[PDB]
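One structure below.
Methodologically, a virtual Cβ is constructed for each residue, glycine included, from the backbone with ideal geometry; neighbour enumeration extends over all protein chains shown. Computed from the coordinates by the stated procedures, all read-outs in this text should not be read as laboratory data.
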Amino acid sequence: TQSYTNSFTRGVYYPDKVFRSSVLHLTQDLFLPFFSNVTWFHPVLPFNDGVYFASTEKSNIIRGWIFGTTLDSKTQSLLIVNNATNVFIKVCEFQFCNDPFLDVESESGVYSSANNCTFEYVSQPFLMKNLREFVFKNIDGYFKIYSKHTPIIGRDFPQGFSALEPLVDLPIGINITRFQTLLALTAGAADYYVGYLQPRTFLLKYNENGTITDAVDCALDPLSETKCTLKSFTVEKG
Amino acid sequence: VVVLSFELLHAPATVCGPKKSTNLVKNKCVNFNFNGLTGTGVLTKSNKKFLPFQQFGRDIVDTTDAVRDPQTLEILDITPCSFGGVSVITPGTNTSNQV
Amino acid sequence: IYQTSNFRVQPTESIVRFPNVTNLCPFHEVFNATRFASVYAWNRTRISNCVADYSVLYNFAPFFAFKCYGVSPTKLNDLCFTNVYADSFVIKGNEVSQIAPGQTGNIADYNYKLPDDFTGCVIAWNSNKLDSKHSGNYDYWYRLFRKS
Ligand SMILES: *[C@@H]1O[C@H](CO)[C@@H](O)[C@H](O)[C@H]1NC(C)=O
Ligand SMILES: *[C@@H]1O[C@H](CO)[C@@H](O)[C@H](O)[C@H]1NC(C)=O
Ligand SMILES: *[C@@H]1O[C@H](CO)[C@@H](O)[C@H](O)[C@H]1NC(C)=O
Ligand SMILES: *[C@@H]1O[C@H](CO)[C@@H](O)[C@H](O)[C@H]1NC(C)=O
Ligand SMILES: *[C@@H]1O[C@H](CO)[C@@H](O)[C@H](O)[C@H]1NC(C)=O
Ligand SMILES: *[C@@H]1O[C@H](CO)[C@@H](O)[C@H](O)[C@H]1NC(C)=O
């Protein structure tokens, strides 16, 4: 609860659909800096330019997220719940209840009522220990839900490198200055993390098949910036 | 009596003109337009391994050289049409007029 | 030996490709559905997030006074939009003539007044026996003289 842990090298996502083979591409984008500083959980979390979420809960409690300006039946809000059948996305107002917990069935427990609604999207359920990562970018009006599922066993925050794939860029564009997590029902096993993205420059390595297998930050230390200047992963004496 | 009262709210929805796709041709210097990507070249069969979410192929100098067909998910390698210089070999015009 | 000019192979034809169109609008059944309301409570469903297929509109059942108040019908095939409202109602042909943006006359200002801007186009054709009672359809009502 409100702990702290270094982020190591995690939170790298594909910036575009372009296919590249055995190159080294230097890109400027919103990223999570290497060895950053995240807050372990075990919530009034604000939204600034995008967040990183990497819960490893065995259950599906923390599922659901609310985005908007006032997060009330005054400005349009969102809702993304991914249960065993289908994931539902609404873009309309919902008067918030006392707590953001599911009554269990999906209306009164978390909010008051649904009124003056608009575009609603559905798709296959997102779910498929089960390390699930998200990147909630909202550049322009095409809300991005970059994600990657790694059910590989690990620690509370293990090491390694793995990239994140896109999901959809829905036509939104309402004001999202504040966001909030949801949960289904405090002192619980709410093992989830938050990491704020930031403008940064990276040097990505593509294998011949076309997957990002490595990366180096360009502002972490002198060696890193030297690598970025030479556009290589090895440096000779000089 | 029925109306079709339209309204465009910033970003247009998927309601748009039907996409008048045509046939596909290969091994011929042709113009092309793959989902808004223009250019001219020769379209052949490719050995690329596109992941299920890319659309284009980019080389070192960032010139497109592989495109996936939107109708059927197939990757096509492209190549510019032939070009080059022309040189004329002649003896003196005092000698003859053959080249 | 002199270098004079350059040679270039000319393109032979043209080509253009796009994905499967699909995404049909579930609103064609609004057209030719004798119970598409009568005058007042038109089907609030609107044509949105599918296709702007206006080609079938002109090749539909023969209209009598199909009037487009927007852009020319020829270009309506490919212009993109976001949402398209559809009002389902039945009136008289003289009322169809009376229907215009910011116009008076019976239903045009008493039952369902057309929008002042009216970014849209009405499509009207004769119904007759489709929704007429043998003794006179008294179930259908119209405002003879509304307050304003
Ligand atoms: C993270 O932030 C906390 C408080 O802001 C600070 O004590 C700590 O040194 C920072 N770095 C790490 C690696 O936790
Ligand atoms: C969005 O909401 C914030 C407060 O939540 C406000 O300060 C801001 O002016 C609003 N508009 C934009 C464009 O950020
Ligand atoms: C998943 O949530 C939807 C949203 O209401 C609900 O209709 C559906 O029944 C839920 N799935 C199950 C298995 O209850
Ligand atoms: C939704 O639209 C109705 C009808 O225009 C309007 O009265 C209402 O204030 C809007 N907002 C809500 C939250 O109902
Ligand atoms: C890409 O394809 C090659 C050829 O089959 C294979 O050797 C390589 O492991 C693949 N890389 C992946 C799937 O990341
Ligand atoms: C597009 O239509 C053709 C026509 O039969 C079909 O073969 C093809 O599978 C369709 N594309 C997709 C992605 O379903």
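Mind listing just one residue for me: the one in segment C:63-119 that is at positive phi and in contact with a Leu (Cβ under 9 Å, 6 or more places away or on another chain) and, of those, farthest from the other protein chains (Cβ to nearest Cβ)? Spell out the reasoning first.
Pass one, segment C:63-119, residues at positive phi: C:102, C:105-106, C:118.
Subsequent filtering for residues that are in contact with a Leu (Cβ under 9 Å, 6 or more places away or on another chain) retains C:102, C:106.
Numbers: C:102: 14, C:106: 13 Å.
Once the filter is applied, the top-ranked residue is C:102.
Mind listing just one residue for me: the one in segment C:84-142 that is of a type in the set (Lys, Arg) and over 14 Å from residue C:42 (Cβ atoms) and, of those, farthest from the chain's Cα centre (by Cα)? Let's see the steps before the verdict.
Pass one, segment C:84-142, residues of a type in the set (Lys, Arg): C:92, C:113, C:129, C:133.
In the following step, the residues that additionally are over 14 Å from residue C:42 (Cβ atoms) were identified as C:92, C:129, C:133.
Values: C:92: 18, C:129: 23, C:133: 27 Å.
Among them, the one singled out is C:133.
Would you confirm whether any residue within segment A:18-31 is more than 16 Å from ligand 6 (Cβ to nearest atom), small (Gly, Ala, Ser), farther than 30 Å from residue A:102 by Cβ and within 14 Å of chain B (Cβ to nearest Cβ)?
yes
So that you can scan it fast, the table gives a plain yes or no per residue for (1) over 24 Å from residue C:35 (Cα atoms); (2) touching a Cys at 6+ places or on another chain (Cβ under 7 Å); (3) in a loop (DSSP other than H, G, I, E, B); (4) of a type in the set (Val, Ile, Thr):
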residue: C:64; (1), (2), (3), (4): no, no, yes, no
residue: C:95; (1), (2), (3), (4): no, no, no, no
residue: C:103; (1), (2), (3), (4): yes, no, yes, no
residue: C:119; (1), (2), (3), (4): yes, no, yes, yes
residue: C:122; (1), (2), (3), (4): no, no, no, yes
residue: C:126; (1), (2), (3), (4): no, no, yes, no
residue: C:133; (1), (2), (3), (4): no, no, yes, no
residue: C:143; (1), (2), (3), (4): no, no, yes, no
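I'm trying to understand the selection: among the residues of segment A:94-119, which are of a type in the set (A, V, I, L, M, F, W, C) and loosely packed, with under 13 Cβ neighbours inside 10 Å? Steps first, answer last, please.
So the first thing to find is which residues in segment A:94-119 are of a type in the set (A, V, I, L, M, F, W, C), and the list is A:94, A:96-97, A:101-102, A:104, A:110, A:114, A:117, A:119.
Of everything in segment A:94-119, those that are of a type in the set (A, V, I, L, M, F, W, C) and loosely packed, with under 13 Cβ neighbours inside 10 Å turn out to be A:104, A:117.
Whether any residue in segment B:81-90 is within 24 Å of residue A:14 (Cβ to Cβ) and surrounded by 12 or more Cβ atoms within 10 Å (Cβ to Cβ) is what I want to check. Quick ask: steps written out before the conclusion?
First pass over segment B:81-90, keeping only residues within 24 Å of residue A:14 (Cβ to Cβ): none.
No, segment B:81-90 contains no residue that is within 24 Å of residue A:14 (Cβ to Cβ) and surrounded by 12 or more Cβ atoms within 10 Å (Cβ to Cβ).
Name the one entry in A:93, A:57 that is among the acidic types (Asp, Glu) and within 16 Å of ligand 2 (Cβ to nearest atom). Walk me through it before giving the result.
On the way: A:57 fails: within 16 Å of ligand 2 (Cβ to nearest atom).
After ruling out the rest, the residue left standing is A:93.
Please count how many residues of segment A:65-87 are of a type outside the set (S, T, N, Q) and over 14 Å from residue A:184 (Cβ atoms).
Going through segment A:65-87 one residue at a time, the tally reaches 7.
Just to be sure, is residue A:103 farther than 29 Å from residue A:8 by Cβ and within 14 Å of ligand 3 (Cβ to nearest atom)?
On the way: farther than 29 Å from residue A:8 by Cβ: yes; within 14 Å of ligand 3 (Cβ to nearest atom): yes.
Taking the combined requirement at face value, the residue satisfies it.
Can you name the number of the only condition in (1) within 7 Å of another protein chain (Cβ to nearest Cβ); (2) surrounded by 10 or more Cβ atoms within 10 Å (Cβ to Cβ) that residue C:54 fails?
(1)
Condition test on residue C:73, is it within 28 Å of residue A:171 (Cβ to Cβ) and either assigned to a loop (DSSP other than H, G, I, E, B) or of a type outside the set (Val, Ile, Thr) (or both)?
Yes: the conditions hold for residue C:73.
Can you name the condition, by its number, that residue A:191 falls short on among (1) more than 18 Å from residue A:37 (Cα to Cα); (2) among the charged types (D, E, K, R); (3) surrounded by fewer than 18 Cβ atoms within 10 Å (Cβ to Cβ)?
The one condition residue A:191 does not meet is (1).
Please note which strands (runs of 3 or more DSSP E) are completely contained in segment B:5-72 and include at least 3 residues that are surrounded by 15 or more Cβ atoms within 10 Å (Cβ to Cβ) and more than 7 Å from chain C (Cβ to nearest Cβ).
Here the list reads B:40-45, B:56-58, B:64-68.
Looking at A:91, A:135, A:122, which one is within 14 Å of another protein chain (Cβ to nearest Cβ), away from ligand 5 (no atom under 16 Å from the Cβ), over 22 Å from residue A:185 (Cα atoms) and surrounded by 13 or more Cβ atoms within 10 Å (Cβ to Cβ)?
Residue meeting the stated conditions: A:91.
Just the residues that are closer than 25 Å to residue B:35 by Cβ, more than 7 Å from every other protein chain (Cβ to nearest Cβ) and surrounded by 14 or more Cβ atoms within 10 Å (Cβ to Cβ), please, taken from segment C:1-32.
Selection gives C:25 alone.
Suppose the filter is under 22 Å from residue B:70 (Cβ atoms) and in a loop (DSSP other than H, G, I, E, B); does residue C:37 pass it?
no
From the list A:140, A:169, A:191, which residue is within 19 Å of the chain's Cα centre (by Cα), away from ligand 3 (no atom under 16 Å from the Cβ), over 16 Å from residue A:71 (Cα atoms) and more than 13 Å from every other protein chain (Cβ to nearest Cβ)?
Going through A:140, A:169, A:191 in turn, just one is within 19 Å of the chain's Cα centre (by Cα), away from ligand 3 (no atom under 16 Å from the Cβ), over 16 Å from residue A:71 (Cα atoms) and more than 13 Å from every other protein chain (Cβ to nearest Cβ): A:191.
Consider only pairs whose beta carbons are under 7 Å apart and that are at least six residues apart or on different chains; among these, list those whose first residue lies in segment A:207-225 and is at positive phi and whose second residue is more than 16 Å from ligand 6 (Cβ to nearest atom) and of a type in the set (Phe, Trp, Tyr).
Correct list of pairs: A:210/A:19.
Taking the options A:43, A:33, name whichever one is within 16 Å of ligand 1 (Cβ to nearest atom), under 22 Å from residue A:138 (Cα atoms), not in a strand (DSSP E or B) and not aromatic (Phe, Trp, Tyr). Show your work before the answer.
Working: A:43 fails: within 16 Å of ligand 1 (Cβ to nearest atom).
Every option except A:33 fails the conditions.
What's the total number of residues in segment B:73-97 that are within 41 Å of the chain's Cα centre (by Cα) and not in a strand (DSSP E or B)? Before you say what the answer is, go through the steps one by one.
So in segment B:73-97, the residues within 41 Å of the chain's Cα centre (by Cα) come out as B:73-90.
Still in the list and also not in a strand (DSSP E or B): B:73-74, B:80-82, B:89-90.
Adding up the residues that qualify gives 7.
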